[PDB]
>>> print(open('target.txt').read())   # compact mmCIF, N, CA and C atoms
# COMPACT_ATOMS: atom_id res chain seq x y z
N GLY A 1 20.14 -13.27 -21.13
CA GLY A 1 18.80 -13.33 -20.48
C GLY A 1 18.90 -13.54 -18.97
N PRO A 2 17.93 -13.04 -18.20
CA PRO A 2 17.92 -13.17 -16.74
C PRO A 2 17.65 -14.61 -16.30
N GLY A 3 18.12 -14.95 -15.10
CA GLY A 3 17.92 -16.29 -14.58
C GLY A 3 18.90 -16.64 -13.49
N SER A 4 19.23 -17.92 -13.38
CA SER A 4 20.17 -18.39 -12.37
C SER A 4 21.61 -18.19 -12.83
N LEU A 5 21.95 -18.78 -13.98
CA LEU A 5 23.29 -18.67 -14.54
C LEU A 5 24.33 -19.30 -13.60
N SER A 6 24.71 -18.55 -12.57
CA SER A 6 25.69 -19.04 -11.61
C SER A 6 27.02 -19.37 -12.29
N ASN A 7 27.97 -19.88 -11.51
CA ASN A 7 29.28 -20.24 -12.05
C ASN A 7 29.46 -21.75 -12.06
N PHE A 8 30.65 -22.20 -12.47
CA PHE A 8 30.95 -23.62 -12.52
C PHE A 8 31.78 -24.05 -11.32
N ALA A 9 31.57 -23.38 -10.19
CA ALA A 9 32.30 -23.69 -8.97
C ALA A 9 31.48 -24.59 -8.05
N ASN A 10 32.15 -25.26 -7.12
CA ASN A 10 31.48 -26.15 -6.18
C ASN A 10 30.74 -25.35 -5.11
N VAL A 11 29.53 -25.80 -4.78
CA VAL A 11 28.72 -25.13 -3.77
C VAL A 11 28.34 -26.09 -2.65
N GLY A 12 27.95 -27.30 -3.02
CA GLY A 12 27.57 -28.29 -2.03
C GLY A 12 26.27 -27.94 -1.33
N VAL A 13 26.34 -27.76 -0.02
CA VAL A 13 25.15 -27.41 0.77
C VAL A 13 25.43 -26.22 1.67
N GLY A 14 24.40 -25.39 1.87
CA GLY A 14 24.55 -24.22 2.71
C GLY A 14 24.62 -24.57 4.18
N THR A 15 25.17 -23.65 4.98
CA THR A 15 25.29 -23.87 6.42
C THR A 15 25.49 -22.55 7.15
N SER A 16 24.56 -22.24 8.05
CA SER A 16 24.63 -21.00 8.82
C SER A 16 24.72 -21.30 10.32
N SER A 17 25.46 -20.47 11.04
CA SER A 17 25.62 -20.64 12.48
C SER A 17 25.36 -19.33 13.22
N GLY A 18 24.37 -19.34 14.10
CA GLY A 18 24.04 -18.15 14.86
C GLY A 18 22.61 -18.16 15.36
N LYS A 19 21.68 -17.77 14.50
CA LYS A 19 20.27 -17.74 14.86
C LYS A 19 19.54 -18.97 14.32
N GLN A 20 18.60 -19.49 15.11
CA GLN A 20 17.84 -20.66 14.71
C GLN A 20 16.37 -20.52 15.12
N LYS A 21 15.50 -21.28 14.47
CA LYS A 21 14.07 -21.24 14.77
C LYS A 21 13.51 -19.84 14.53
N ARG A 22 14.11 -19.12 13.59
CA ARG A 22 13.67 -17.77 13.27
C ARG A 22 12.81 -17.76 12.01
N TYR A 23 11.62 -17.18 12.11
CA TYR A 23 10.70 -17.12 10.98
C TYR A 23 11.17 -16.08 9.96
N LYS A 24 10.82 -14.82 10.19
CA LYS A 24 11.21 -13.74 9.29
C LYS A 24 10.93 -14.11 7.84
N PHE A 25 9.78 -14.73 7.61
CA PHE A 25 9.38 -15.12 6.26
C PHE A 25 9.56 -13.96 5.29
N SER A 26 10.08 -14.24 4.10
CA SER A 26 10.28 -13.19 3.11
C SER A 26 8.93 -12.68 2.63
N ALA A 27 8.19 -12.05 3.54
CA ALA A 27 6.87 -11.53 3.22
C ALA A 27 5.91 -12.68 2.90
N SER A 28 6.25 -13.89 3.34
CA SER A 28 5.41 -15.05 3.09
C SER A 28 4.04 -14.89 3.74
N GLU A 29 3.95 -14.01 4.73
CA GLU A 29 2.69 -13.76 5.43
C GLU A 29 1.59 -13.36 4.44
N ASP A 30 1.88 -12.36 3.62
CA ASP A 30 0.92 -11.88 2.63
C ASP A 30 0.48 -13.02 1.71
N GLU A 31 1.39 -13.96 1.46
CA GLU A 31 1.09 -15.10 0.61
C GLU A 31 0.10 -16.04 1.29
N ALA A 32 0.20 -16.11 2.62
CA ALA A 32 -0.69 -16.98 3.39
C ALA A 32 -2.10 -16.42 3.42
N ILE A 33 -2.22 -15.10 3.46
CA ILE A 33 -3.53 -14.46 3.49
C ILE A 33 -4.23 -14.60 2.15
N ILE A 34 -3.47 -14.43 1.07
CA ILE A 34 -4.04 -14.55 -0.27
C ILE A 34 -4.51 -15.97 -0.53
N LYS A 35 -3.75 -16.94 -0.03
CA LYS A 35 -4.10 -18.34 -0.20
C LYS A 35 -5.31 -18.69 0.66
N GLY A 36 -5.38 -18.06 1.83
CA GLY A 36 -6.48 -18.30 2.74
C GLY A 36 -7.77 -17.66 2.26
N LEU A 37 -7.65 -16.44 1.72
CA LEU A 37 -8.81 -15.71 1.22
C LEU A 37 -9.29 -16.29 -0.11
N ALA A 38 -8.38 -16.95 -0.83
CA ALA A 38 -8.72 -17.54 -2.12
C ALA A 38 -9.28 -18.95 -1.96
N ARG A 39 -9.08 -19.55 -0.78
CA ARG A 39 -9.56 -20.90 -0.52
C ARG A 39 -10.82 -20.89 0.33
N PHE A 40 -10.77 -20.18 1.45
CA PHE A 40 -11.91 -20.09 2.35
C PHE A 40 -12.22 -18.64 2.72
N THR A 41 -13.50 -18.29 2.70
CA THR A 41 -13.93 -16.94 3.03
C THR A 41 -15.40 -16.92 3.44
N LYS A 42 -15.84 -18.00 4.09
CA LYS A 42 -17.23 -18.10 4.54
C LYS A 42 -17.43 -17.34 5.84
N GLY A 43 -17.70 -16.04 5.73
CA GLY A 43 -17.91 -15.23 6.91
C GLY A 43 -17.96 -13.75 6.59
N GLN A 44 -18.64 -12.98 7.44
CA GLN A 44 -18.77 -11.54 7.24
C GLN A 44 -17.40 -10.87 7.24
N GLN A 45 -16.40 -11.54 7.82
CA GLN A 45 -15.05 -11.00 7.88
C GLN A 45 -14.02 -12.12 7.69
N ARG A 46 -13.73 -12.43 6.43
CA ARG A 46 -12.77 -13.48 6.11
C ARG A 46 -11.34 -13.05 6.43
N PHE A 47 -11.10 -11.74 6.45
CA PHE A 47 -9.77 -11.21 6.73
C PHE A 47 -9.30 -11.56 8.14
N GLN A 48 -10.15 -11.29 9.13
CA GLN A 48 -9.81 -11.59 10.52
C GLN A 48 -9.80 -13.09 10.77
N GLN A 49 -10.77 -13.79 10.19
CA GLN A 49 -10.87 -15.23 10.35
C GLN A 49 -9.68 -15.94 9.69
N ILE A 50 -9.40 -15.57 8.45
CA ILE A 50 -8.29 -16.17 7.71
C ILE A 50 -6.98 -15.94 8.45
N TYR A 51 -6.83 -14.76 9.03
CA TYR A 51 -5.62 -14.42 9.77
C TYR A 51 -5.43 -15.37 10.94
N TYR A 52 -6.50 -15.60 11.69
CA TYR A 52 -6.46 -16.49 12.84
C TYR A 52 -6.25 -17.94 12.42
N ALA A 53 -6.62 -18.26 11.19
CA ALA A 53 -6.47 -19.63 10.70
C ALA A 53 -5.01 -19.93 10.36
N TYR A 54 -4.41 -19.08 9.55
CA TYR A 54 -3.02 -19.26 9.15
C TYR A 54 -2.05 -18.78 10.24
N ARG A 55 -2.58 -18.27 11.35
CA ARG A 55 -1.74 -17.78 12.44
C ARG A 55 -0.73 -18.84 12.87
N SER A 56 0.53 -18.64 12.49
CA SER A 56 1.60 -19.57 12.82
C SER A 56 2.87 -19.24 12.04
N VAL A 57 2.69 -18.75 10.81
CA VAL A 57 3.81 -18.40 9.95
C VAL A 57 4.48 -17.10 10.41
N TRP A 58 3.72 -16.26 11.10
CA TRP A 58 4.25 -14.98 11.58
C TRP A 58 4.25 -14.93 13.11
N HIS A 59 3.09 -14.68 13.70
CA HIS A 59 2.97 -14.60 15.15
C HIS A 59 1.58 -15.02 15.62
N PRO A 60 1.45 -16.20 16.25
CA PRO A 60 0.16 -16.70 16.74
C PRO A 60 -0.43 -15.81 17.82
N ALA A 61 -1.28 -14.87 17.41
CA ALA A 61 -1.91 -13.95 18.36
C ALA A 61 -2.88 -13.01 17.64
N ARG A 62 -3.72 -12.34 18.42
CA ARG A 62 -4.69 -11.40 17.87
C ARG A 62 -3.99 -10.19 17.27
N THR A 63 -4.28 -9.91 16.00
CA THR A 63 -3.67 -8.78 15.31
C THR A 63 -4.41 -8.47 14.01
N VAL A 64 -5.74 -8.56 14.05
CA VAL A 64 -6.56 -8.28 12.88
C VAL A 64 -6.27 -6.89 12.34
N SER A 65 -5.97 -5.96 13.24
CA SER A 65 -5.66 -4.59 12.85
C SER A 65 -4.44 -4.58 11.93
N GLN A 66 -3.38 -5.24 12.38
CA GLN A 66 -2.16 -5.33 11.59
C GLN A 66 -2.46 -5.96 10.24
N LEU A 67 -3.36 -6.94 10.24
CA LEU A 67 -3.76 -7.62 9.02
C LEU A 67 -4.28 -6.63 8.01
N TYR A 68 -5.20 -5.78 8.45
CA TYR A 68 -5.77 -4.76 7.58
C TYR A 68 -4.68 -3.81 7.10
N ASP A 69 -3.64 -3.66 7.92
CA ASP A 69 -2.53 -2.77 7.58
C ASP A 69 -1.75 -3.29 6.38
N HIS A 70 -1.38 -4.57 6.41
CA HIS A 70 -0.65 -5.15 5.29
C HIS A 70 -1.59 -5.41 4.13
N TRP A 71 -2.84 -5.72 4.46
CA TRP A 71 -3.86 -5.98 3.45
C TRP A 71 -4.27 -4.68 2.76
N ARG A 72 -4.16 -3.57 3.48
CA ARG A 72 -4.52 -2.27 2.93
C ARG A 72 -3.42 -1.75 2.01
N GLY A 73 -2.17 -1.97 2.43
CA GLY A 73 -1.04 -1.52 1.64
C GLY A 73 -0.79 -2.41 0.43
N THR A 74 -1.17 -3.68 0.54
CA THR A 74 -0.99 -4.63 -0.54
C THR A 74 -2.05 -4.45 -1.62
N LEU A 75 -3.30 -4.32 -1.19
CA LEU A 75 -4.42 -4.14 -2.11
C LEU A 75 -4.22 -2.88 -2.96
N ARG A 76 -3.54 -1.89 -2.39
CA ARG A 76 -3.28 -0.64 -3.10
C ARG A 76 -1.83 -0.57 -3.56
N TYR A 77 -1.49 0.52 -4.24
CA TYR A 77 -0.13 0.71 -4.74
C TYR A 77 0.17 2.19 -4.97
N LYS A 78 -0.43 3.04 -4.14
CA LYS A 78 -0.24 4.48 -4.25
C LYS A 78 0.16 5.08 -2.90
N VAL A 79 1.46 5.15 -2.65
CA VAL A 79 1.97 5.70 -1.40
C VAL A 79 3.44 6.08 -1.52
N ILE A 80 3.77 7.30 -1.12
CA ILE A 80 5.14 7.78 -1.19
C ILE A 80 5.58 8.37 0.15
N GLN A 81 5.35 7.62 1.23
CA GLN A 81 5.73 8.07 2.56
C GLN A 81 6.98 7.35 3.05
N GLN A 82 7.12 6.08 2.67
CA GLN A 82 8.27 5.28 3.06
C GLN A 82 9.33 5.28 1.96
N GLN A 83 10.58 5.46 2.36
CA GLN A 83 11.69 5.48 1.41
C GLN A 83 12.97 4.98 2.05
N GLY A 84 13.90 4.50 1.23
CA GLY A 84 15.16 3.99 1.74
C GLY A 84 15.06 2.55 2.20
N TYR A 85 16.12 1.78 1.96
CA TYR A 85 16.15 0.38 2.35
C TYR A 85 17.57 -0.06 2.71
N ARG A 86 17.77 -0.44 3.96
CA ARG A 86 19.08 -0.88 4.43
C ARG A 86 18.94 -1.73 5.69
N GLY A 87 17.88 -2.52 5.75
CA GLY A 87 17.65 -3.37 6.90
C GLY A 87 17.40 -4.82 6.52
N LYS A 88 17.97 -5.23 5.39
CA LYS A 88 17.81 -6.60 4.91
C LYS A 88 18.89 -6.96 3.90
N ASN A 89 19.97 -7.57 4.39
CA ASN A 89 21.08 -7.97 3.54
C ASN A 89 21.75 -9.23 4.07
N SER A 90 22.22 -9.16 5.32
CA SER A 90 22.88 -10.30 5.94
C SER A 90 22.96 -10.11 7.46
N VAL A 91 23.42 -8.94 7.88
CA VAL A 91 23.55 -8.63 9.30
C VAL A 91 22.35 -7.84 9.80
N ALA A 92 21.87 -8.20 10.99
CA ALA A 92 20.72 -7.52 11.59
C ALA A 92 21.14 -6.70 12.80
N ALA A 93 21.12 -5.38 12.65
CA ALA A 93 21.50 -4.48 13.73
C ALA A 93 20.32 -3.62 14.17
N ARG A 94 20.28 -3.28 15.45
CA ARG A 94 19.20 -2.46 16.00
C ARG A 94 19.52 -0.98 15.85
N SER A 95 18.55 -0.14 16.20
CA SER A 95 18.73 1.31 16.10
C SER A 95 17.76 2.04 17.03
N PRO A 96 18.17 3.22 17.54
CA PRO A 96 17.33 4.01 18.45
C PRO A 96 16.12 4.61 17.74
N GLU A 97 15.26 5.26 18.51
CA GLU A 97 14.06 5.88 17.96
C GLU A 97 13.66 7.12 18.76
N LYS A 98 12.62 7.81 18.30
CA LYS A 98 12.15 9.01 18.97
C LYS A 98 10.74 8.80 19.53
N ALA A 99 10.43 9.49 20.62
CA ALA A 99 9.12 9.38 21.25
C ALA A 99 8.83 10.59 22.13
N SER A 100 7.76 11.31 21.82
CA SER A 100 7.38 12.48 22.59
C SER A 100 6.55 12.09 23.81
N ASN A 101 6.99 12.55 24.98
CA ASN A 101 6.29 12.25 26.22
C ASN A 101 6.16 13.49 27.09
N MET A 102 7.26 14.22 27.25
CA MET A 102 7.27 15.43 28.05
C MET A 102 8.25 16.45 27.48
N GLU A 103 7.71 17.49 26.84
CA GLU A 103 8.54 18.53 26.25
C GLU A 103 8.04 19.92 26.66
N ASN A 104 8.62 20.45 27.73
CA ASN A 104 8.24 21.77 28.23
C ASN A 104 9.37 22.77 28.03
N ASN A 105 9.00 24.03 27.79
CA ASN A 105 9.99 25.08 27.59
C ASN A 105 9.69 26.29 28.47
N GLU A 106 8.42 26.69 28.51
CA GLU A 106 8.00 27.83 29.32
C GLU A 106 8.71 29.10 28.87
>>> encode(input="target.txt", output="structure tokens")
Amino acid sequence: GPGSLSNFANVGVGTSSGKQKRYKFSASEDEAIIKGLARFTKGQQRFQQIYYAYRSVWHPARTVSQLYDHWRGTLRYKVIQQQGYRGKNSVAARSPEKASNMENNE
């Protein structure tokens, strides 16, 4: 059966050296919104209000739009645009990107 199981070896206590004071909640943000919307929602827009209330677990700042983004993708479950996963294991590395600004050929 599934569970912890683990081995009979000594573990003691964990210890990491490198980055500190880093949030990167394991998607705990969505959990904060659900708890906020399930506890308080007295307003024409509990989503934006709740976001500003729990603002601290992710990033203390205006981002109601982003809220609707995670709230829109969470409320639903029908999307096949994003695929592949290799940015969450142990090491965090950056990567380049693309951006169209000036592309002339004539």
>>> atom_distance(input="target.txt", atom1="atom N of residue 24 (chain A)", atom2="CA of residue 59 (chain A)")
9.3 Å
>>> atom_distance(input="target.txt", atom1="CA of residue 58 (chain A)", atom2="CA of residue 25 (chain A)")
7.4 Å
>>> closest_atom_pairs(input="target.txt", of="region 66-101 of chain A", to="region 29-34 of chain A", cutoff="9 Å", atoms="only C-alpha atoms", output="Markdown table")
| residue | atom | partner | partner_atom | distance |
| --- | --- | --- | --- | --- |
| A:67 | CA | A:33 | CA | 8.8 |
| A:70 | CA | A:30 | CA | 7.4 |
| A:71 | CA | A:30 | CA | 7.6 |
| A:74 | CA | A:30 | CA | 8.1 |
>>> axis_aligned_box(input="target.txt", around="region 34-52 of chain A", padding_each_side="6 Å", output="JSON")
{"center_x": -11.1, "center_y": -15.9, "center_z": 5.4, "size_x": 27.3, "size_y": 22.0, "size_z": 27.0}
>>> atom_distance(input="target.txt", atom1="CA of residue 87 (chain A)", atom2="CA of residue 61 (chain A)")
25.0 Å
>>> select_by_dssp(input="target.txt", residues="chain A", states="helix (DSSP H, G or I)", output="PyMOL selection string")
chain A and resi 28-39+46-54+64-75
>>> build_atoms(input="target.txt", residues="region 34-49 of chain A", atoms="N, CA, C and O atoms", output="PDB file, keeping the file's coordinate frame")
ATOM      1  N   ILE A  34      -3.470 -14.430   1.070  1.00  0.00           N
ATOM      2  CA  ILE A  34      -4.040 -14.550  -0.270  1.00  0.00           C
ATOM      3  C   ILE A  34      -4.510 -15.970  -0.530  1.00  0.00           C
ATOM      4  O   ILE A  34      -5.544 -16.185  -1.157  1.00  0.00           O
ATOM      5  N   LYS A  35      -3.750 -16.940  -0.030  1.00  0.00           N
ATOM      6  CA  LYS A  35      -4.100 -18.340  -0.200  1.00  0.00           C
ATOM      7  C   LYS A  35      -5.310 -18.690   0.660  1.00  0.00           C
ATOM      8  O   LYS A  35      -6.150 -19.499   0.277  1.00  0.00           O
ATOM      9  N   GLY A  36      -5.380 -18.060   1.830  1.00  0.00           N
ATOM     10  CA  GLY A  36      -6.480 -18.300   2.740  1.00  0.00           C
ATOM     11  C   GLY A  36      -7.770 -17.660   2.260  1.00  0.00           C
ATOM     12  O   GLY A  36      -8.848 -18.237   2.373  1.00  0.00           O
ATOM     13  N   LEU A  37      -7.650 -16.440   1.720  1.00  0.00           N
ATOM     14  CA  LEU A  37      -8.810 -15.710   1.220  1.00  0.00           C
ATOM     15  C   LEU A  37      -9.290 -16.290  -0.110  1.00  0.00           C
ATOM     16  O   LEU A  37     -10.451 -16.139  -0.482  1.00  0.00           O
ATOM     17  N   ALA A  38      -8.380 -16.950  -0.830  1.00  0.00           N
ATOM     18  CA  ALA A  38      -8.720 -17.540  -2.120  1.00  0.00           C
ATOM     19  C   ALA A  38      -9.280 -18.950  -1.960  1.00  0.00           C
ATOM     20  O   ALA A  38      -9.870 -19.502  -2.886  1.00  0.00           O
ATOM     21  N   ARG A  39      -9.080 -19.550  -0.780  1.00  0.00           N
ATOM     22  CA  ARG A  39      -9.560 -20.900  -0.520  1.00  0.00           C
ATOM     23  C   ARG A  39     -10.820 -20.890   0.330  1.00  0.00           C
ATOM     24  O   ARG A  39     -11.823 -21.512  -0.017  1.00  0.00           O
ATOM     25  N   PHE A  40     -10.770 -20.180   1.450  1.00  0.00           N
ATOM     26  CA  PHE A  40     -11.910 -20.090   2.350  1.00  0.00           C
ATOM     27  C   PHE A  40     -12.220 -18.640   2.720  1.00  0.00           C
ATOM     28  O   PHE A  40     -11.312 -17.855   3.006  1.00  0.00           O
ATOM     29  N   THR A  41     -13.500 -18.290   2.700  1.00  0.00           N
ATOM     30  CA  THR A  41     -13.930 -16.940   3.030  1.00  0.00           C
ATOM     31  C   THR A  41     -15.400 -16.920   3.440  1.00  0.00           C
ATOM     32  O   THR A  41     -16.116 -15.954   3.179  1.00  0.00           O
ATOM     33  N   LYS A  42     -15.840 -18.000   4.090  1.00  0.00           N
ATOM     34  CA  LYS A  42     -17.230 -18.100   4.540  1.00  0.00           C
ATOM     35  C   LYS A  42     -17.430 -17.340   5.840  1.00  0.00           C
ATOM     36  O   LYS A  42     -17.360 -17.920   6.925  1.00  0.00           O
ATOM     37  N   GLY A  43     -17.700 -16.040   5.730  1.00  0.00           N
ATOM     38  CA  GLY A  43     -17.910 -15.230   6.910  1.00  0.00           C
ATOM     39  C   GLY A  43     -17.960 -13.750   6.590  1.00  0.00           C
ATOM     40  O   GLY A  43     -17.393 -13.297   5.595  1.00  0.00           O
ATOM     41  N   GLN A  44     -18.640 -12.980   7.440  1.00  0.00           N
ATOM     42  CA  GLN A  44     -18.770 -11.540   7.240  1.00  0.00           C
ATOM     43  C   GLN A  44     -17.400 -10.870   7.240  1.00  0.00           C
ATOM     44  O   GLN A  44     -17.243  -9.763   6.719  1.00  0.00           O
ATOM     45  N   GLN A  45     -16.400 -11.540   7.820  1.00  0.00           N
ATOM     46  CA  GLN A  45     -15.050 -11.000   7.880  1.00  0.00           C
ATOM     47  C   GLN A  45     -14.020 -12.120   7.690  1.00  0.00           C
ATOM     48  O   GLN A  45     -13.519 -12.683   8.660  1.00  0.00           O
ATOM     49  N   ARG A  46     -13.730 -12.430   6.430  1.00  0.00           N
ATOM     50  CA  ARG A  46     -12.770 -13.480   6.110  1.00  0.00           C
ATOM     51  C   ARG A  46     -11.340 -13.050   6.430  1.00  0.00           C
ATOM     52  O   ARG A  46     -10.462 -13.885   6.631  1.00  0.00           O
ATOM     53  N   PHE A  47     -11.100 -11.740   6.450  1.00  0.00           N
ATOM     54  CA  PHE A  47      -9.770 -11.210   6.730  1.00  0.00           C
ATOM     55  C   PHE A  47      -9.300 -11.560   8.140  1.00  0.00           C
ATOM     56  O   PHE A  47      -8.198 -12.068   8.331  1.00  0.00           O
ATOM     57  N   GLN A  48     -10.150 -11.290   9.130  1.00  0.00           N
ATOM     58  CA  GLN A  48      -9.810 -11.590  10.520  1.00  0.00           C
ATOM     59  C   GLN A  48      -9.800 -13.090  10.770  1.00  0.00           C
ATOM     60  O   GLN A  48      -8.924 -13.608  11.467  1.00  0.00           O
ATOM     61  N   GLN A  49     -10.770 -13.790  10.190  1.00  0.00           N
ATOM     62  CA  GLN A  49     -10.870 -15.230  10.350  1.00  0.00           C
ATOM     63  C   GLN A  49      -9.680 -15.940   9.690  1.00  0.00           C
ATOM     64  O   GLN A  49      -9.034 -16.783  10.309  1.00  0.00           O
TER      65      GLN A  49
END
